[PDB]
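*Asks:* Pasting in a structure now, in structure tokens, and then I'll have a few things to ask.
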Amino acid sequence: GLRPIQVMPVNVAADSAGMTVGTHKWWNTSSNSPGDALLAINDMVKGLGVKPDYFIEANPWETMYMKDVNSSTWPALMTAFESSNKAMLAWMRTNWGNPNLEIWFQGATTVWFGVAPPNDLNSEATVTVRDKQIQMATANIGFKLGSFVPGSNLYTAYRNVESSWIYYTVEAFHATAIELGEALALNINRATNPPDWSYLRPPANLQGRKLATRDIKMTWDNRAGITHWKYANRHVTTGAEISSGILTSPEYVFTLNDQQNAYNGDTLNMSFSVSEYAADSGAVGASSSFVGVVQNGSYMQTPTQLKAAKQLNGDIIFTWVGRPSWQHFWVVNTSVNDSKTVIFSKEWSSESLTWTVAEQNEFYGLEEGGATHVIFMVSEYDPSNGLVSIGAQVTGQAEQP
Amino acid sequence: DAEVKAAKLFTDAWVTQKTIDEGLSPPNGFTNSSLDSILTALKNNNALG
Amino acid sequence: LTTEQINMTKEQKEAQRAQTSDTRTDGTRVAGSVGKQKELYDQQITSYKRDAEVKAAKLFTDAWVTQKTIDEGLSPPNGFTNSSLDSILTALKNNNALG
Amino acid sequence: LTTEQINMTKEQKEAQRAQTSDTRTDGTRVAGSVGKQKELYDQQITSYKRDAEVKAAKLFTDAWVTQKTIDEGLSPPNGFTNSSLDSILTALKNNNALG
């Protein structure tokens, strides 16, 4: 309700400054005192003539600093972040003359890289910072949560550069300012009701396995209360997005046909990202990205000379040649009426396997003669690690006796 | 159109084997059941039935 | 009417910008008729490259079939095995909505 | 309206600059419709050169198959061996998304 002239904002930002670490020091950790960056502006603040009323904090440089360092130092920085902010608030609570000076926090932001970019490691790092300022604004007096940048979990809200997306858009600041200004005037704190994507968390682990077939399957652990996930598969080198969607199961498969569309052949490298998706509201949380080389057992030897023979009685015997010193072969059997139903999948310790006609009639529901066409796959197996080498496939009919 | 003409070479190399090596088991994709799905689709696609 | 001609001039500028540039004035990628036309060229370019490979492979496979019919008993290449053809056959049914 | 015509004149200049030059006024490479058109010519030029080679090779391989059918027992060239054909067969499946 006040006049627009009666409100006067000022700029006190310092380039890449941090209360604990940064190019410009805002607070001193050796002894509790303002840093050189903060000491360079305290003179003009006192000479302004009006005591400060609201202090706005947007994004400490510690979030960018923790991107490179190991995760073991992350809890250490959080302790220093809390101590410095509490000490800084008490210093200017009395020096600047405002007995009810308040600090308002703005939600932390992540970093992207490229066109249709996957979220960088800052997504896993800013969450700790994000899950740090919330309790400072709801379990403590003196610190408040101002607002969040709209579309923070979305890459489009930043869009400031073609690669290494860091800064925001022109409309992002205006969108943030109107929400931030409303909280200041109405004294409403955002820490009471964090947004939906705040509760969503990135998956703990993300890795890919190449099966006996040249396809690659992505695996990540499930979370209680989560039923959907959103994935994003992109080109390894050019970075162009390949496929994306919503997954109701915490697994994804990269078939051979898709690989032969993006490239001229199947590849071992992969750049994959996935995040938990809330189907009730459509909110998207932090995304975990996996790049490099998928898990594989290419150091092993593939089986060779796969032949299938049907005997006079009716049973089918499968034979192959391989490495006797590594006599461990995982065998997968598939039906012919549908090419996806598994007959059996077991570890084998011989170069030959017999499929008795008794169970052939059992699986297909037949009464006599067994199966004539059988889908068979054998691959050298490693009991120590569980890795599966590229196996040789013999499919369908067996040779007549 | 590029895929079908490419597949011509592979199936050509098989039919020449069948006529000279009679007794070779045809692939499961050429079985009686497999062709039925294609035949039913063609009648439905072209409003033949 | 002068105000209306402002919008037409801006739109005709985008049509000119469609050439020599893949992004509009605001920065978004062109996706209209010109954008669809470019995609057709990309498919045609790949088609021409793919068409040269298949006809080149005709000579090599021709030299093999003539050997098989006169030198019966020669072992066919693993690429012509029963299992190898199954992947191609399954793809064709799925690609052409046959199944 | 005069201000709007400034942008159109600049954009039409780029279309003119697309000819006789591969870079715009600012120096970036042209990538629009004209840029895509040039790439199609490059593929076609290679296609014409490649098409002349394959038909020329037809005569040489024709003179060999006629020898094999009448002089059975002649050893086929190493380029027609079982191992040599496998690389071609694997490429065709990967190029056409058959596998």
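The chains in the structure tokens are called A, B, ... from first to last as shown; in each chain the residues are counted from 1, and the ligands are counted from 1 in the order shown.
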Which residues of chain B sit at most 8 Å from range 60-67 of chain C, using only C-alpha atoms? Give each one's shortest atom pair and distance in Å (one decimal place), in chain and ascending residue order, as a Markdown table.

*Replies:*
```
| residue | atom | partner | partner_atom | distance |
| --- | --- | --- | --- | --- |
| B:9 | CA | C:61 | CA | 7.4 |
| B:13 | CA | C:65 | CA | 6.7 |
| B:16 | CA | C:65 | CA | 7.1 |
```

*Asks:* Select residues of chain D: the criterion is any atom within 7 Å of an atom of chain C, counting only C-alpha atoms; output as a PyMOL selection string.

*Replies:* chain D and resi 1+4-5+7-8+11-12+14-15+18+30-36+40+43+47+54+65+69+80+82+85-86+88-89+98-99

*Asks:* Export, as a compact mmCIF listing (two decimals), in the first residue's frame, the selected residues with N, CA and C atoms.

*Replies:*
```
# COMPACT_ATOMS: atom_id res chain seq x y z
N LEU D 1 7.13 1.94 -39.84
CA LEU D 1 7.22 0.99 -40.95
C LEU D 1 8.58 1.07 -41.63
N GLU D 4 10.99 -1.02 -39.69
CA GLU D 4 10.81 -2.44 -39.95
C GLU D 4 11.46 -2.85 -41.27
N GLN D 5 11.37 -1.99 -42.29
CA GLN D 5 11.98 -2.30 -43.58
C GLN D 5 13.50 -2.36 -43.49
N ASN D 7 15.21 -4.05 -41.20
CA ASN D 7 15.54 -5.45 -40.92
C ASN D 7 15.34 -6.32 -42.16
N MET D 8 14.27 -6.08 -42.92
CA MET D 8 14.03 -6.86 -44.13
C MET D 8 15.15 -6.65 -45.15
N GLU D 11 18.11 -8.68 -44.03
CA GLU D 11 17.91 -10.11 -44.25
C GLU D 11 18.00 -10.46 -45.73
N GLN D 12 17.41 -9.64 -46.60
CA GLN D 12 17.51 -9.89 -48.03
C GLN D 12 18.94 -9.76 -48.52
N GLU D 14 21.50 -10.83 -46.79
CA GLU D 14 22.11 -12.12 -46.47
C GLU D 14 21.77 -13.17 -47.52
N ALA D 15 20.54 -13.15 -48.03
CA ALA D 15 20.16 -14.07 -49.09
C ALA D 15 21.01 -13.84 -50.34
N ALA D 18 24.43 -15.13 -49.67
CA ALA D 18 24.52 -16.59 -49.70
C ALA D 18 25.20 -17.06 -50.98
N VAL D 30 26.79 -19.73 -43.38
CA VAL D 30 25.39 -19.86 -43.73
C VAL D 30 24.94 -21.29 -43.46
N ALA D 31 23.77 -21.44 -42.84
CA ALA D 31 23.25 -22.75 -42.48
C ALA D 31 21.77 -22.93 -42.78
N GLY D 32 21.11 -21.93 -43.37
CA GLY D 32 19.69 -21.99 -43.64
C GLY D 32 19.34 -22.89 -44.80
N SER D 33 18.29 -22.51 -45.53
CA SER D 33 17.84 -23.32 -46.66
C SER D 33 18.91 -23.41 -47.74
N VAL D 34 19.60 -22.30 -48.02
CA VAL D 34 20.66 -22.32 -49.02
C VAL D 34 21.82 -23.20 -48.55
N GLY D 35 22.13 -23.16 -47.25
CA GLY D 35 23.17 -24.02 -46.73
C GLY D 35 22.83 -25.50 -46.87
N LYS D 36 21.58 -25.85 -46.60
CA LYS D 36 21.15 -27.23 -46.78
C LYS D 36 21.15 -27.63 -48.25
N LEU D 40 23.23 -30.88 -50.25
CA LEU D 40 22.63 -31.86 -51.15
C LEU D 40 23.45 -31.99 -52.43
N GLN D 43 26.52 -34.21 -51.73
CA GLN D 43 26.17 -35.63 -51.75
C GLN D 43 25.91 -36.12 -53.17
N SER D 47 27.75 -38.91 -55.27
CA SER D 47 26.95 -40.00 -55.81
C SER D 47 27.25 -40.24 -57.28
N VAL D 54 30.98 -48.03 -59.78
CA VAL D 54 30.33 -49.32 -59.63
C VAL D 54 30.00 -49.94 -60.98
N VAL D 65 32.99 -64.17 -63.40
CA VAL D 65 31.95 -65.15 -63.13
C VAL D 65 31.79 -66.10 -64.32
N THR D 69 32.13 -70.41 -63.94
CA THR D 69 31.13 -71.40 -64.33
C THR D 69 31.64 -72.36 -65.39
N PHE D 80 36.42 -61.99 -52.43
CA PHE D 80 35.17 -62.73 -52.41
C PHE D 80 35.16 -63.83 -51.36
N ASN D 82 34.89 -65.72 -47.59
CA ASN D 82 33.82 -65.69 -46.60
C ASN D 82 34.03 -64.57 -45.59
N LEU D 85 33.23 -60.91 -47.07
CA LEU D 85 31.83 -60.55 -47.22
C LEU D 85 31.17 -60.21 -45.89
N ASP D 86 31.70 -60.75 -44.79
CA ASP D 86 31.06 -60.56 -43.49
C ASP D 86 31.07 -59.09 -43.08
N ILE D 88 30.96 -56.49 -45.05
CA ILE D 88 29.94 -55.81 -45.84
C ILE D 88 28.55 -56.12 -45.29
N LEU D 89 28.29 -57.39 -44.97
CA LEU D 89 26.97 -57.78 -44.48
C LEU D 89 26.65 -57.10 -43.15
N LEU D 98 18.60 -52.67 -39.58
CA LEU D 98 18.00 -53.99 -39.70
C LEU D 98 18.13 -54.80 -38.41
N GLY D 99 19.25 -54.65 -37.70
CA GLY D 99 19.47 -55.38 -36.47
C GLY D 99 18.88 -54.69 -35.26
```

*Asks:* Residues of chain B no more than 10 Å from chain D, counting only C-alpha atoms: send them over as a PyMOL selection string.

*Replies:* chain B and resi 1-7+9-10

*Asks:* Using only C-alpha atoms, which of B:40, B:23, B:45, B:33 sits nearest residue 337 in chain A?

*Replies:* B:33

*Asks:* Produce a table with one row for each residue of chain A that has an atom at most 12 Å from any atom of chain C, each row naming the nearest atom pair and its distance in Å at one decimal; use only C-alpha atoms; arrange rows by chain and rising residue number; format as a tab-separated table.

*Replies:*
```
residue	atom	partner	partner_atom	distance
A:115	CA	C:29	CA	11.7
A:156	CA	C:28	CA	12.0
A:159	CA	C:27	CA	10.7
A:160	CA	C:27	CA	11.5
A:161	CA	C:27	CA	11.3
A:162	CA	C:27	CA	10.8
A:213	CA	C:87	CA	11.3
A:255	CA	C:91	CA	11.8
A:256	CA	C:87	CA	10.2
A:257	CA	C:91	CA	8.3
A:258	CA	C:91	CA	11.4
A:260	CA	C:91	CA	12.0
A:261	CA	C:46	CA	11.7
A:264	CA	C:50	CA	11.1
A:304	CA	C:78	CA	10.7
A:305	CA	C:78	CA	10.0
A:306	CA	C:83	CA	10.0
A:307	CA	C:83	CA	10.7
A:308	CA	C:82	CA	11.5
A:336	CA	C:86	CA	11.6
A:338	CA	C:99	CA	11.4
A:339	CA	C:90	CA	9.6
A:373	CA	C:82	CA	11.6
A:374	CA	C:83	CA	11.0
A:375	CA	C:83	CA	9.0
A:376	CA	C:83	CA	9.5
A:377	CA	C:83	CA	10.1
A:392	CA	C:83	CA	9.2
A:393	CA	C:83	CA	6.4
A:394	CA	C:83	CA	5.4
A:395	CA	C:83	CA	5.1
A:396	CA	C:83	CA	7.8
A:397	CA	C:82	CA	9.0
A:398	CA	C:82	CA	10.6
A:399	CA	C:82	CA	11.7
```

*Asks:* Report as a tab-separated table: every residue of chain B with an atom at most 10 Å from chain A, its closest pair of atoms, and their distance in Å to one decimal, counting only C-alpha atoms, with rows sorted by chain and ascending residue number.

*Replies:*
```
residue	atom	partner	partner_atom	distance
B:23	CA	A:400	CA	8.6
B:24	CA	A:399	CA	7.8
B:25	CA	A:397	CA	6.2
B:26	CA	A:397	CA	7.6
B:27	CA	A:396	CA	6.6
B:28	CA	A:396	CA	5.4
B:29	CA	A:396	CA	8.9
B:31	CA	A:373	CA	9.4
B:33	CA	A:337	CA	8.2
B:34	CA	A:337	CA	8.7
```

*Asks:* Can you measure CA of residue 64 in chain A to CA of residue 21 in chain A for me? One decimal in Å is fine.

*Replies:*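 Those two atoms sit 10.1 Å apart.
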
*Asks:* I'd like the neighbourhood of range 89-91 of chain A as an NGL selection string, where a residue qualifies if any of its atoms comes within 8 Å (using only C-alpha atoms), though same-chain residues fewer than 2 positions away should be ignored.

*Replies:* :A and (33 or 85-87 or 93-95 or 103 or 142)

*Asks:* Output N, CA and C atoms of each residue in that selection to a file, as a PDB file, in the first residue's frame.

*Replies:*
```
ATOM      1  N   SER A  33      34.085 -11.853  11.467  1.00  0.00           N
ATOM      2  CA  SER A  33      34.130 -10.456  11.059  1.00  0.00           C
ATOM      3  C   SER A  33      33.767 -10.356   9.583  1.00  0.00           C
ATOM      4  N   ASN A  85      26.552 -17.193   8.310  1.00  0.00           N
ATOM      5  CA  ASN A  85      25.311 -16.441   8.153  1.00  0.00           C
ATOM      6  C   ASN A  85      24.762 -15.980   9.498  1.00  0.00           C
ATOM      7  N   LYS A  86      24.787 -16.856  10.505  1.00  0.00           N
ATOM      8  CA  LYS A  86      24.319 -16.465  11.831  1.00  0.00           C
ATOM      9  C   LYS A  86      25.185 -15.355  12.415  1.00  0.00           C
ATOM     10  N   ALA A  87      26.507 -15.472  12.269  1.00  0.00           N
ATOM     11  CA  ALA A  87      27.400 -14.432  12.767  1.00  0.00           C
ATOM     12  C   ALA A  87      27.234 -13.136  11.982  1.00  0.00           C
ATOM     13  N   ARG A  93      22.843  -6.686  12.741  1.00  0.00           N
ATOM     14  CA  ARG A  93      21.619  -6.445  13.498  1.00  0.00           C
ATOM     15  C   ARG A  93      21.782  -5.273  14.456  1.00  0.00           C
ATOM     16  N   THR A  94      23.000  -5.031  14.932  1.00  0.00           N
ATOM     17  CA  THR A  94      23.288  -3.942  15.857  1.00  0.00           C
ATOM     18  C   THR A  94      24.076  -2.805  15.226  1.00  0.00           C
ATOM     19  N   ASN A  95      25.020  -3.113  14.334  1.00  0.00           N
ATOM     20  CA  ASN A  95      25.828  -2.066  13.716  1.00  0.00           C
ATOM     21  C   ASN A  95      24.983  -1.148  12.841  1.00  0.00           C
ATOM     22  N   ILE A 103      16.762 -11.485   6.946  1.00  0.00           N
ATOM     23  CA  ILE A 103      17.441 -12.007   5.766  1.00  0.00           C
ATOM     24  C   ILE A 103      16.489 -12.956   5.055  1.00  0.00           C
ATOM     25  N   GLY A 142      15.107 -14.891  12.308  1.00  0.00           N
ATOM     26  CA  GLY A 142      16.033 -13.963  11.681  1.00  0.00           C
ATOM     27  C   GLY A 142      16.273 -14.249  10.211  1.00  0.00           C
TER      28      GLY A 142
END
```

*Asks:* Quick one: pick out all alpha helix (DSSP H) residues within chain C from a backbone DSSP run and write them as an NGL selection string.

*Replies:* :C and (2-18 or 33-70 or 82-95)

*Asks:* Find the residues near residue 37 in chain A: any atom within 10 Å, counting only C-alpha atoms, skip ones fewer than 2 places away on the same chain, and give them as a PyMOL selection string.

*Replies:* chain A and resi 12-15+17-19+23-27+34-35+39-42

*Asks:* Pick out each residue of range 17-244 of chain A that DSSP on the backbone tags as strand (DSSP E); I need them as JSON, numbers by chain.

*Replies:* {"A": [17, 18, 24, 25, 27, 28, 33, 34, 54, 55, 56, 57, 102, 103, 104, 105, 106, 143, 144, 145, 146, 147, 207, 208, 209, 210, 216, 217, 218, 219, 228, 229, 230, 231, 232, 233, 234, 241, 242, 243, 244]}
